[PDB]
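J.:
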Amino acid sequence: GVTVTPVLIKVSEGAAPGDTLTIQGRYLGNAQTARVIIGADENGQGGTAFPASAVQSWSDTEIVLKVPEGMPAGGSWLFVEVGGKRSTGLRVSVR
Amino acid sequence: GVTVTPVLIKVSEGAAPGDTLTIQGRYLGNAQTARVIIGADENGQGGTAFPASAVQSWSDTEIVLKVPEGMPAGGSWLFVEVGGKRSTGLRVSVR
Amino acid sequence: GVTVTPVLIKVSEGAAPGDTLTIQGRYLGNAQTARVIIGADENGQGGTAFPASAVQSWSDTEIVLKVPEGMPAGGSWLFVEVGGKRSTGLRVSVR
Amino acid sequence: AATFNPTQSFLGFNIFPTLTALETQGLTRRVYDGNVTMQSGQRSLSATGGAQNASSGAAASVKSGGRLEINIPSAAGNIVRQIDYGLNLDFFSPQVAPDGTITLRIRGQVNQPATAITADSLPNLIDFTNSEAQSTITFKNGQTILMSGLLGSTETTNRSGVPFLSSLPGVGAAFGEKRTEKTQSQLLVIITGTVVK
Amino acid sequence: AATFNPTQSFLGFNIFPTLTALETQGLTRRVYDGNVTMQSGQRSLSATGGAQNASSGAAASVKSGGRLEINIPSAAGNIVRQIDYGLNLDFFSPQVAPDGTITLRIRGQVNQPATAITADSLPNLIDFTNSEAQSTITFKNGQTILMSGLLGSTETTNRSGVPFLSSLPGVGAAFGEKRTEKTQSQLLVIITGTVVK
Amino acid sequence: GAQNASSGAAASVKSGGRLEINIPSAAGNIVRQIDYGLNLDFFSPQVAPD
Amino acid sequence: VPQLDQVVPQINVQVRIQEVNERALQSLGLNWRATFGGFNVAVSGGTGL
Numbered sequence: 016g017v018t019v020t021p022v023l024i025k026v027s028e029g030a031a032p033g034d035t036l037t038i039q040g041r042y043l044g045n046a047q048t049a050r051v052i053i054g055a056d057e058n059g060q061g062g063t064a065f066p067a068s069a070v071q072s073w074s075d076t077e078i079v080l081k082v083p084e085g086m087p088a089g090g091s092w093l094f095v096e097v098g099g100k101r102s103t104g105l106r107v108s109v110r
Numbered sequence: 016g017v018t019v020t021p022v023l024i025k026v027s028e029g030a031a032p033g034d035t036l037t038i039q040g041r042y043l044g045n046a047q048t049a050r051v052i053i054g055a056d057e058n059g060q061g062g063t064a065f066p067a068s069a070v071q072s073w074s075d076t077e078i079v080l081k082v083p084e085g086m087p088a089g090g091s092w093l094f095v096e097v098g099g100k101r102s103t104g105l106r107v108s109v110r
Numbered sequence: 016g017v018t019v020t021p022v023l024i025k026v027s028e029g030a031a032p033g034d035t036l037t038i039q040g041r042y043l044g045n046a047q048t049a050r051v052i053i054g055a056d057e058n059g060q061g062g063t064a065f066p067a068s069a070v071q072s073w074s075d076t077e078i079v080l081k082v083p084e085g086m087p088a089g090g091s092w093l094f095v096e097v098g099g100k101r102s103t104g105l106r107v108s109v110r
Numbered sequence: 004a005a006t007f008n009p010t011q012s013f014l015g016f017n018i019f020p021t022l023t024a025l026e027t028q029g030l031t032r033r034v035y036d037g038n039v040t041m042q043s044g045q046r047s048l049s050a051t052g053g054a055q056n057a058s059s060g061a062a063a064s065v066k067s068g069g070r071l072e073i074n075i076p077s078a079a080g081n082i083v084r085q086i087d088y089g090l091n092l093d094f095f096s097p098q099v100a101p102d103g104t105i106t107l108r109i110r111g112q113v114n115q116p117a118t119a120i121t122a123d124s125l126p127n128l129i130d131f132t133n134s135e136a137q138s139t140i141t142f143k144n145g146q147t148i149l150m151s152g153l154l155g156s157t158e159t160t161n162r163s164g165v166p167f168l169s170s171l172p173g174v175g176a177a178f179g180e181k182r183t184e185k186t187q188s189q190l191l192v193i194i195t196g197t198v199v200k
Numbered sequence: 004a005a006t007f008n009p010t011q012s013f014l015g016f017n018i019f020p021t022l023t024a025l026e027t028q029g030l031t032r033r034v035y036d037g038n039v040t041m042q043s044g045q046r047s048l049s050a051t052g053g054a055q056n057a058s059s060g061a062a063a064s065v066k067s068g069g070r071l072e073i074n075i076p077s078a079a080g081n082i083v084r085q086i087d088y089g090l091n092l093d094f095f096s097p098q099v100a101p102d103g104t105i106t107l108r109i110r111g112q113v114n115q116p117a118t119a120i121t122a123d124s125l126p127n128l129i130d131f132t133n134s135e136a137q138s139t140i141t142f143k144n145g146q147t148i149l150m151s152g153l154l155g156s157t158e159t160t161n162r163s164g165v166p167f168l169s170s171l172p173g174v175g176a177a178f179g180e181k182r183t184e185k186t187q188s189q190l191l192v193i194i195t196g197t198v199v200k
Numbered sequence: 485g486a487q488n489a490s491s492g493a494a495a496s497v498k499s500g501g502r503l504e505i506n507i508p509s510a511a512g513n514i515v516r517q518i519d520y521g522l523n524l525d526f527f528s529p530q531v532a533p534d
Numbered sequence: 043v044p045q046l047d048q049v050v051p052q053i054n055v056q057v058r059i060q061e062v063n064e065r066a067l068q069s070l071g072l073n074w075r076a077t078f079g080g081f082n083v084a085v086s087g088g089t090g091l
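If you read the sequences in order, they're chains A, B, C, D, E, F and G. At position 64 of the first sequence the residue is numbered 79 (this note's numbering), and the sequence of numbers has no breaks. At position 10 of the second sequence the residue is numbered 25 (this note's numbering), and the sequence of numbers has no breaks. At position 44 of the third sequence the residue is numbered 59 (this note's numbering), and the sequence of numbers has no breaks. At position 24 of the fourth sequence the residue is numbered 27 (this note's numbering), and the sequence of numbers has no breaks. At position 178 of the fifth sequence the residue is numbered 181 (this note's numbering), and the sequence of numbers has no breaks. At position 36 of the sixth sequence the residue is numbered 520 (this note's numbering), and the sequence of numbers has no breaks. At position 26 of the seventh sequence the residue is numbered 68 (this note's numbering), and the sequence of numbers has no breaks.
1. Quick one, are the C-beta atoms of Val109(A) and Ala49(A) less than 8 Å apart?
2. Name the chain A residues that come within less than 8 Å of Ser74(B), Cβ to Cβ?
3. Compute the Euclidean distance between the alpha carbons of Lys100(C) and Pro21(C), then round it to the nearest angstrom.
4. Taking Cβ positions only, does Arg106(B) come closer than 8 Å to chain C?
5. Rounded to the nearest angstrom, what separates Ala510(F) and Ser91(A) at their Cα positions?
6. Which residues in chain E sit within 8 Å of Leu23(C), going by Cβ to Cβ distance?
7. Give the interface partners of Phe527(F) over in chain G, defined as CB-CB distance under 8 Å, in chain order.
8. In this structure, how does DSSP classify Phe178(E) when only helix, strand and coil are distinguished?
9. Checking the sheet assignment: what are the DSSP bridge partners for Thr159(E)?
10. What residues in the region 27-40 of chain B bring their beta carbon closer than 7 Å to a beta carbon of chain D?
11. Please list the terminal residues of the continuous beta strand (DSSP E) segment that includes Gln137(D).
12. Is the separation between the beta-carbon of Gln55(D) and that of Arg33(D) shorter than 8 Å?
13. Is it true that the CB of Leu30(D) sits closer than 8 Å to the CB of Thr51(E)?
14. Quick one: does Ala88(B) have its CB under 8 Å from some CB of chain C?
15. My understanding is that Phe178(E) touches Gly164(E), with C-beta atoms under 8 Å, so please give their C-beta distance in whole angstroms.
16. In chain B, which residues lie with their C-beta within 9 Å of the C-beta of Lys143(D)?
17. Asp525(F) bridges to which residues according to DSSP?
18. Roughly how far, in whole angstroms, is the beta-carbon of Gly104(C) from the beta-carbon of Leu23(C), given that I think they are within contact range, below 8 Å?
19. Whose Cβ in chain G lies nearer than 9 Å to the Cβ of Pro20(D)?
20. Distance, Cα to Cα, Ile514(F) vs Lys143(D)?
21. Starting from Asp36(D) and walking both ways along the beta strand (DSSP E), at which residues does that stretch end?
22. Are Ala66(G) and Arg75(G) close, meaning C-beta to C-beta below 8 Å?
23. Could you name the residues of the region 47-60 of chain G whose beta carbon sits closer than 8 Å to any beta carbon of chain F, in the order they occur along the chain?
24. So with Cβ pairs under 8 Å, would you call residue 41(G) a contact of chain D?
25. What residues of chain D sit near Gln45(E), judged by a beta carbon separation below 8 Å?
26. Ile73(D) to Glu158(E), Cα distance in whole Å?
27. Quick one: does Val199(D) have its CB under 8 Å from some CB of chain C?
28. Could you spell out where the beta strand (DSSP E) holding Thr35(B) opens and where it closes?
29. Thinking C-alpha only, which one of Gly29(B), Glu57(B) and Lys25(B) is nearest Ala88(B)?
30. How should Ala55(B) be labelled, buried or exposed, when 16 other C-beta atoms within 10 angstroms of its C-beta is the threshold for buried?
31. Is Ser91(B) helix, strand or coil when you go by DSSP?
32. I want to verify the contact list: residues of chain G whose CB lies under 9 Å from the CB of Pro166(D), in sequence order.
33. With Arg106(C) as the anchor, note down where its beta strand (DSSP E) starts and where it stops.
34. Would you say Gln45(E) and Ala62(E) are within 8 Å of each other, going by their C-beta atoms?
35. Is DSSP giving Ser12(E) helix, strand or coil here?
36. Chain B beta carbons: is any one of them nearer than 8 Å to that of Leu14(D)?
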């Protein structure tokens, strides 16, 4: 059902608990079909998924999130998995 | 949880006991997740960590410290360890 | 604790007993951690250390001394040993 | 690679195995620390002896390594060059403010010939392992700043053998080969300076 | 590298070992101390004999070593050069103040041909081990200043053998090889001067 | 005196190798440098007060 | 002069270039030759029957 690889083009700065994280891409799907994973390595392994309650908006070209409490601070990789298919990643800095 | 190597870009001068030491970097994390080590060699071995009470500010791109009493005077290397991952070092001169 | 080699950049002239000798460098440490040695050869061997009472000022980039009585007149080499680590030398002329 | 022979028949079972295993590591370090003393409005020096050098326009310099002298006659102008290898540090336009703020252009370069020069070499193509950086930085008296950094990594991880049996975890290497390589690298260029009273 | 032979069978156990171990040190020093006497507003000398030299524009000079003379005819202008090796010290623009403050540009250079010149050599490419520095300094009568310094270091530390056994501490060398090398270097250029009454 | 593709860059970083080419010609000598490995060039880096 | 002599920002820019490649090969082939009375049949991959 999902054949095309999602592409991540831009993420914002900051990402402290309570801040707003914006992601922009191309084939990003639905909030009912996909999920955002943070804290992963270069290959997408590891990492923890954002809760569904963290999603403020989700279009096919933009995702807006609220950073929860308990994310791993430091540098890590962010991916979007649409229908089980992994996107291209971007490096994000959790505060 | 921490996959990206922190980068140290700038340190200030001086560093006498009671002075303010400022460090600037990129993926520097949290004061609850990371620590600053001074007095190390080129490879990060040796050295003593700053106490948690020495931290005045800690963003992901700037750390501000108060130099305690008892640090080894002379030249040495400074590193930041974020989530167990070591950064690139800078040479610092403890007075 | 001291990993970086101190660098000696400039010394003043004269150095007769009772004169003021100024040394400028980079990683020169503390007067409680380091000492100045005069009368050494090219390799730092030999030579006599200045007394601690001869020190007027000691920053990490400048040392000011008072030349005592009894130093060996003639040409010789001056070194600063910071934490047991020897610097690069400069030739000095004791009057 | 299996065959069948309907005309003969071997006696019993023979297995004729052969094993091979190898491990390796390496680690190369190379460090340079250069000082130069200079003035604020320092200009370049034009000596050059008639040869062309990439550090002619530098206010200050320090070198250690080798130097290739090239003298090729040509009808459009002779090629008379100098190529320096080893360590090259060039400083351009070093203005200093009354505060003690230092502005500066620094190149810095480490290079080696890829293969040795053997007096049968021709100056028409030379290979020169090389690492370089250049930029302008500003810092105050006594501070330390990173001008450039570079982190690398590779991996090759080949594998070959019997279908579906060479891919089994652990015992896969009993039905073919396996090979993996990994590399890391780090390059750092760090600058500091002081005012000499 | 293990094999099995199901057709034969050796008698007993044989071990056939072989050991190799090597250690080495080296230490090279090379020192030069040059004086030149000169005046404040001293200008350069233009003799040159028609050949081009990198020290033509120097107010004062001192050399010791060798000198390559190059005479290549060309249609764009002949290449007539001199390359000096050994020690070269050049002084440019030596103004002195009534205080006794001396301002000066100094080059200074130590170099050698990498391989010997053998009368079958051609002047088209020459290799020339080299170390050099140049800058402008100012100091008062009797003081001493470092114009340049350079500290180096290398390390190679290879290792090879049986997987997981050649990496064991101490006994690892019983299952393969091991090699380590380390190098240090120091280069210092120091200047002093006095007024001659 | 050699021609390099990164001459007009405001900042640079390289790691790899470098080919030096000296070919005499009557229309102008070919004196070039070709860099391989990694080349990163930055051109015209303006920054706003934001 | 006060506007042309102001402090301008200093920045650090990081660029990451990443490249991954993967391969997979799979060969399989039977190559026989049968001889019964009068007949000689050979089947291969390059040439057919």
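Note that the Cβ used here is the ideal one computed from N, Cα and C, for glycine as well.
T.: On the basis of the data shown:
1. no
2. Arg110
3. 8 Å
4. yes
5. 57 Å
6. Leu149
7. Under the 8 Å cutoff, chain G gives no residues; its nearest Cβ is about 12 Å from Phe527(F).
8. helix
9. Beta-bridge pairing links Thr159(E) to no other residue.
10. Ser27, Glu28 and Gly29
11. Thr132 to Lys143
12. no
13. no
14. yes
15. 5 Å
16. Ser27 and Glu28
17. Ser496(F)
18. 7 Å
19. Simply none; closest approach about 23 Å.
20. 43 Å
21. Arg32 to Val39
22. no
23. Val50, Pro51, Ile53, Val55, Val57 and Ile59
24. Residue 41(G) is absent from the structure shown; chain G starts at 43 and stops at 91.
25. Those within 8 Å of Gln45(E) in chain D number zero; the least Cβ separation is about 16 Å.
26. 32 Å
27. yes
28. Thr35 to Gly40
29. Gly29(B)
30. buried
31. strand
32. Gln68, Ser69 and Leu70
33. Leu105 to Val109
34. yes
35. coil
36. no
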